[PDB]
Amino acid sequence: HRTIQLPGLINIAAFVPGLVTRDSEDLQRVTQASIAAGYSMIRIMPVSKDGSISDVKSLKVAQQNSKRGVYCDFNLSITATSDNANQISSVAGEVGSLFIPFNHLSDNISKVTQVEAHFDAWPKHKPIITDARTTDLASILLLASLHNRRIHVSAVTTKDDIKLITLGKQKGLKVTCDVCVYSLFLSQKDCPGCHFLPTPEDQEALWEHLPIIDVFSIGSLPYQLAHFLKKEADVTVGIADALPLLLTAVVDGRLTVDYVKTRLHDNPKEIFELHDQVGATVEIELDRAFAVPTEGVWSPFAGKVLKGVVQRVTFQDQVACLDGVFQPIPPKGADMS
């Protein structure tokens, strides 16, 4: 029975449906399922179900929802819009990153100009993250190069985009990227109607560019998939699946433990300037098989057998999980901003 000791892991994209809902338990519960899965630090995706962290008011609602106590450490983030660059800059010290989606932006004026404003107003050493594709992606990569600062591209899915990122990297452009774990194990072959999943050719291009991929994230893809298939809006979809899917690929000889570790700890920690966590540890029975629970949270792998059981997670001097089972200890997590 193979056992490995890992530090507390990092998910740079944790989706919280009721993030900006008043008095919502969503954020807390996401931190529960996170620590139970081995993630002692998560970045909260500023875009939620029917809202987003886009202004001062929105930030505070998200902050209040953390006051009832969290079970892992976390950072908030803020979404860019057409007229946002001003207010979100006065609040940069309370969040850990700026998220720039291109669907939030106005058609009245060059989306290049709108993004340039944030690049002018946002601190140069504070991370910026985007889900831009194709020409939007090339546009924000140009700005990062022209301001000689860093840019992180999230939920990469296509051959075209990962190859453009490869080219940027070779020319010294300060770009990093992640893929959602589900993207590596689900494609349009598995769901032709799901055009947010990669094509089989896209997915193969992702496996062939693993050196280019700096980070693994969970993302909103698990939630987007479940919603499109009309399952329960369960707030923890995809959290307990991600690492076992990766460790199953390790056992199958497609990945190495160190690659997984760097993509879920070392690299996300440096790119997003995250602090050290003393006392956060994860013990994993790498070879132990288990059936993806056909009960609790919906999973596209329900009833399938994966490898990789989270034997023990420590956090803040307490045992936060045993055999993947959340331990009802006092919440000791904190906002790291």
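Sequential numbering from 1, following the sequence displayed.
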query: Which of 136-144 and 84-92 has higher mean CA B factor, as the PDB entry lists it; finding: 84-92
query: Of 308-316 and 52-60, the one with larger mean CA B-factor; finding: 52-60
query: Top Cα B factor in the deposited entry, candidates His209, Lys124, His152, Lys261; finding: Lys124
query: Out of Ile239, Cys194, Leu245, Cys177, residue topping the C-alpha B-factor column of the entry; finding: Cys194
query: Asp287 CA temperature factor, ranked by third within the chain; finding: middle
query: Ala226, C-alpha B-factor rank within chain (lowest, middle or highest third); finding: highest
query: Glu232 by Cα B-factor - lowest, middle or highest third of the modelled chain; finding: highest
query: CA B-factor ranking of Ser34, expressed as a third of its chain; finding: lowest
query: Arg68 - Cα temperature factor, lowest/middle/highest third of chain; finding: highest
